[PDB]
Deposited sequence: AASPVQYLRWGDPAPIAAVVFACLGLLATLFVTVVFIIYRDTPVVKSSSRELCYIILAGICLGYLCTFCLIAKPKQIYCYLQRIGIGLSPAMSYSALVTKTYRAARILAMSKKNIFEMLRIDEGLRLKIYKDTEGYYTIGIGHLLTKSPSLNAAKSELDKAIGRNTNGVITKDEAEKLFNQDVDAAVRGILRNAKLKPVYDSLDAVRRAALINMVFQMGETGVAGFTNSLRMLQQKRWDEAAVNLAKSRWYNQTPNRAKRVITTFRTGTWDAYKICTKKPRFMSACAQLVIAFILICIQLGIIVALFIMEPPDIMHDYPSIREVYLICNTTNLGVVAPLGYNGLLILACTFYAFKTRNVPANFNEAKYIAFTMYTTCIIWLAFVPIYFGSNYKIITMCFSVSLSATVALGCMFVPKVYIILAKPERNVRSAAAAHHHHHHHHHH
């Protein structure tokens, strides 16, 4: 009994149990809130079944402390190993597929704007110079600024990764273009006259504005005061009429028409231009961890060696599932970082990225702390729980807050 130990002067067992009980309550609160209000936008477009997997994992995480603070029964040693390896995998494997889909969606948006400008501006697959004499390739991608061709080729090879010999492919031109777009967005967001229109626009219409920026620069685009305002206020037809009066339209009519039409429809009509799969993959990434665990069960059978349950788990019995989860966390972080600025679903991505930043630190810190500790069971309890609380706190608590306290927003 954990109360005994507190009485005997050791408050660690009861503290761990309380942490886990509170963890279970909160996860229970959050889950029920998601069951009732699954009928709402803020939950529908986000993957519901995947969310449940993540919550289940967090739940099992907290449950792990009851496996570590236990009566001496054989099965608890089995449970410990199962729970400690499998519960992070459940959460992180469902999450990686979530961040992956968010990464594909984003990539295909970058592909569209690339095609837009391939059509409007064109690209060269071989090195050339701009009107200012600087070495350039693709859709106006600046390579270097020195007057030496070989310096451009080296810098290109550095950028692409193979020995290009001054010649690249279309996919590689896209690669370079993605950078230039990124930088282009930075500038718009650093421009007071342009930030509010860009923030308010949907994805397609954002590309149209970026298109204009590429043609005239920011200072030129900011000169369409009235039109930008109309766009910001969503008066699409009026913006179209207004922009068709400009000198821009009159100097480059063929291109301006496509851009204006894009602004007017929010579609790509002027340019030629699976949830179930997620569950199967998440299922697979989880079974792999189970495979590792079951294999270590056969190589190194669990055995007991009071309130603390000392099992005979070797360093390998810990490290192998730990390593695998570490890989999942790594993949999550990678994809989450990539999609960190994605505005969709009330900036859901910003929370997911922050969560993984924290997880990485917590897990990296766990290695020296745990393997240099003489209080391993309690270190494990707090660690699993902290990791589960970080996920629950940083990702689900804000969603619940929006649900219950902003019913006029969602």
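**Q** Can you list the gaps, numbered from 1 on the deposited sequence, where no C-alpha is modelled?
**A** Holes in the chain trace, numbered from 1: 1 to 2, 276 to 283, 316 to 322, 428 to 444.
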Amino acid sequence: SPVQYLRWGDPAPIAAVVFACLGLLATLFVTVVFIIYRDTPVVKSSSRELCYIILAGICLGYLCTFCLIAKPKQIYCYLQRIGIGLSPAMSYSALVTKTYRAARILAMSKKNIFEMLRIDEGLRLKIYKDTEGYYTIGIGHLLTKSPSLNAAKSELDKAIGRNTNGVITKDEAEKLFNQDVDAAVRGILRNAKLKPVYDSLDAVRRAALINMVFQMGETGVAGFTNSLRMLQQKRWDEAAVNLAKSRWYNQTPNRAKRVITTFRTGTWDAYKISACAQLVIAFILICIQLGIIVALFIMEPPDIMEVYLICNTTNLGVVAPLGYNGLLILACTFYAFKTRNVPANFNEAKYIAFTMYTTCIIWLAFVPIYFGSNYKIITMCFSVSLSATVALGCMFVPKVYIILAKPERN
From here on, numbers count along this sequence of modelled residues.
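Rigid core here is just the name for the largest C-alpha set that superposes within 1.5 Å across the two forms.
**Q** Rigid core superposed, root mean square over structures and residues, which stretch has C-alphas farther from this form in 6 other deposited structures of this protein, 24 to 32 or 38 to 46?
**A** With the rigid core fitted, 38 to 46 is the stretch that strays more in 6 other deposited structures of this protein.
**Q** Among the other compared PDB entries, is residue 306 dropped in a third or more?
**A** Yes, left without coordinates in at least a third.
**Q** What stretch has the higher average Cα B-factor here, 324 to 332 or 179 to 187?
**A** Per the deposited B-factors, the answer is 179 to 187.
**Q** Higher mean Cα B-factor in the deposited model: 87 to 95 or 137 to 145?
**A** Result: 137 to 145.
**Q** Just to confirm, going by the entry's C-alpha B-factors, which of 287, 276, 243, 213 comes out highest?
**A** 276 has the highest C-alpha B-factor of those listed.
**Q** Between 247, 158, 124, 257, which one tops the list for C-alpha B-factor in the PDB entry?
**A** Most elevated C-alpha B-factor of the set, per the entry: 158.
**Q** Test of reading the entry: by CA B factor among the chain's modelled residues, which third contains residue 225?
**A** Within its chain, residue 225 is a lowest-third residue by C-alpha B-factor, going by the deposited values.
**Q** Check where residue 292 lands among this chain's C-alpha B-factors and tell me if it's the lowest, middle or highest third.
**A** For residue 292, whose C-alpha B-factor we compare with every modelled residue in the chain, the answer is the lowest third.
**Q** Tell me, lowest, middle or highest third: where does the Cα B factor of residue 18 rank within its chain?
**A** It belongs to the middle third of the chain when residues are ordered by C-alpha B-factor.
**Q** Which third, lowest, middle or highest, does the CA B-factor of residue 319 fall in along this chain?
**A** CA B-factor rank for residue 319: middle third.
**Q** Can you tell me which third, lowest, middle or highest, the CA B-factor of residue 237 falls into for its chain?
**A** According to the entry, residue 237 has a C-alpha B-factor in the chain's middle third.
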